[PDB]
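Numbers here are sequence positions counted from 1. Atoms within each ligand, like the ligands themselves, are counted from 1 in listed order.
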Amino acid sequence: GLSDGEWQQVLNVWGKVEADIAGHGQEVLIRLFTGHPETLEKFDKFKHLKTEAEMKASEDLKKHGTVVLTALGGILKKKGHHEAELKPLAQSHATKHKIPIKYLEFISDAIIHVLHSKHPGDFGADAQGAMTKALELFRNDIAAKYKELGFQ
Ligand code: HEM
Ligand SMILES: O=N[O-]
């Protein structure tokens with residue numbers, strides 16, 4: 001957990017994201033914000049987005065989607081050896097942004113949804129298993145840092 005085979009699947013799936021990082025990033029955030037409107041309130045810069053149409057037309061939302069998925073991609077390519085990459089994000093998200101770990105669960109689920117939505121029939125059962133494991137590992141390691149900091 002994860003096996004070499006599983007990491008290979010994760011990084012193969014990630015190639016899909018890398019072909020259109022901004023599009024995937026945008027759809028992940030829109031899925032997050034529409035499914036869980038409380039998450040929007042954590043972003044002073046997105047609180048004005050009162051409709052999905054406005055979300056889709058927001059170039060800054062797309063920009064942030066790129067920032068988020070680029071960060072995640074860098075972490076995934078470490079294949080679990082990600083302490084240095086993950087540390088600042090756990091600290092900024094717990095201490096500055098005040099993001100409950102529950103919201104990281106939400107965004108993880110959103111990634112899985114968007115992969116199926118954008119690649120229906122091309123995100124196989126093995127691939128979903130591997131990507132889910134990778135996102136759980138990410139969450140688990142963030143959670144350990146949150147506990148250190150006494151957040152939530
Ligand atoms: C895959 C999980 C996530 C990744 C990789 C990620 C990554 C990032 C990065 C790289 C930044 C800019 C640098 C920083 O402040 O640390 C950032 C900022 C931020 N993130 Fe996340 N994030 C994730 C999940 C979330 C979630 C679920 C929320 C809220 C529901 C959130 C809220 C924020 C906020 C409010 C900012 C500051 C925005 C600004 O001031 O421009 N993040 N995130
Ligand atoms: O959109 N997560 O920073």
Q.
Under 3.5 Å, is there a donor on one side chain and an acceptor on the other for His64 and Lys45?
A. yes
**Q.** Proximal atoms of ligand 1 relative to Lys42 (non-hydrogen, under 4.0 Å)
**A.** 35 (C)
Q) Just by modelled atom types, is the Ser92 backbone N or O under 3.5 Å from a matching donor or acceptor in the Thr95 side chain? A) no
(Q) When you measure from the heavy atoms of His36 to every atom of ligand 1, does any distance fall below 4.0 Å? (A) no
Q.
I'd like to know whether NE2 of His48 has more than 12 heavy-atom contacts from other residues, nucleotides or ligands below 6.0 angstrom.
A. yes
**Q.** Shortest protein heavy-atom distance from atom 9 (C) of ligand 1, along with the residue and atom involved
**A.** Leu89 CD2, 3.9 Å
Q. Applying a 4.0 Å heavy-atom criterion (strictly less than), which segment of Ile99 is in contact with ligand 1: side chain, backbone, both, or neither?
A. side chain
Q) Of the backbone atoms (N, CA, C, O) and the side-chain heavy atoms from C-beta on, which set of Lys96 has a member under 4.0 Å from an atom of ligand 1: side chain, backbone, both, or neither? A) neither
Q: Among all protein heavy atoms, pick out the one at the shortest distance from atom 24 (C) of ligand 1; state its residue, atom name and that distance to 0.1 Å.
A: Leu104 CD2, 3.6 Å
(Q) If you count heavy atoms of other groups shown closer than 6.0 angstrom to NZ of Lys47, is the number above 12? (A) yes
Q.
Can you tell whether the side chains of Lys16 and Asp122 come within less than 4.0 Å, N to carboxylate O?
A. yes
Q. Side chain or backbone of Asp44 under 4.0 Å from ligand 1, or both, or neither, by non-hydrogen atoms?
A. neither
(Q) Below a 4.0 angstrom heavy-atom separation, can you tell me which part of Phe138, side chain or backbone, both or neither, approaches ligand 1? (A) side chain
**Q.** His97 N/O/S atom closer than 2.8 Å to atom 21 (Fe) of ligand 1
**A.** no
Q. For atom 17 (C) of ligand 1, which protein heavy atom lies nearest, and how many Å away is it?
A. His93 CE1, 3.5 Å
Q. Going by an N to O cut-off under 4.0 Å, is there a salt bridge joining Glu136 and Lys133?
A. no
Q. So between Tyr103, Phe43, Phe106, whose heavy atom ends up nearest atom 27 (C) of ligand 1?
A. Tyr103
Q. Would one find more than 12 heavy atoms of other residues, nucleotides or ligands at under 6.0 Å from atom NZ of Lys42?
A. yes
Q. Which ligand 1 atoms, with their elements, are less than 4.0 angstrom from a heavy-atom of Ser92?
A. 14 (C), 15 (O), 16 (O)
Q: Look at the side chain of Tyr103 and the backbone N and O of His36, then say whether any donor-acceptor pair between them is shorter than 3.5 Å.
A: no
Q.
Tell me whether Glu83 is salt-bridged to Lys145, with the criterion being a basic N under 4.0 Å from an acidic carboxylate O.
A. yes
Q. For ligand 1, which atoms have a heavy atom of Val67 less than 4.0 angstrom away?
A. 10 (C)
Q: Considering the heavy atoms of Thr39, write down every atom of ligand 1 situated less than 4.0 Å from one of them.
A: 30 (C)
(Q) Taking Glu105 first and then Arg139, would you say they form a salt bridge - that is, a charged N and a carboxylate O separated by under 4.0 Å? (A) no
Q: Look at atom 5 (C) of ligand 1 and say which protein heavy atom is nearest, naming residue and atom and giving the distance to 0.1 Å.
A: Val68 O, 3.5 Å
Q.
Does the protein place a non-hydrogen atom closer than 4.0 angstrom to atom 13 (C) of ligand 1?
A. no
Q: Starting from the C-alpha separation in whole Å, work towards a yes-or-no answer on side chain to side chain donor-acceptor pair (under 3.5 Å) for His24 and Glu18.
A: CA-CA 9 Å; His24 285 81; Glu18 289 191 347; over 6 Å; no
Q: Among all protein heavy atoms, pick out the one at the shortest distance from atom 39 (C) of ligand 1; state its residue, atom name and that distance to 0.1 Å.
A: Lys45 NZ, 3.6 Å
